[PDB]
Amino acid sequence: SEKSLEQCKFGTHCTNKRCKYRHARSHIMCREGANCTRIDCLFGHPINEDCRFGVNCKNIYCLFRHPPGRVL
């Protein structure tokens, strides 16, 4: 078994039974962000990939990277 701190982009809808990444079960973003070192942490951490839906992405819980100028 392998375990990484990198965030799984599929979250609770991941269906890879050998997935080595972290999975969020809360819409709350972890208070430590990308600095969190808890392997089984259930809060959200940033995904290192640009959001397909850009500055106009309407999902306030989205963990992908957005341009500046997007207001929550």
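Numbering starts at 1 and runs along the sequence shown.
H23 by Cα B-factor - lowest, middle or highest third of the modelled chain
Its C-alpha B-factor belongs to the lowest third of this chain's values.
Thinking about Cα B factors across the chain, which third does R52 belong to?
It falls in the bottom third of the chain.
Chain third (lowest, middle, highest) by recorded CA B-factor, residue given as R38
Middle third of the chain for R38's C-alpha B-factor.
Third of the chain's Cα B-factor distribution that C8 belongs to, per the entry
As the PDB entry reports it, the C-alpha B-factor of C8 lands in the lowest third of its chain.
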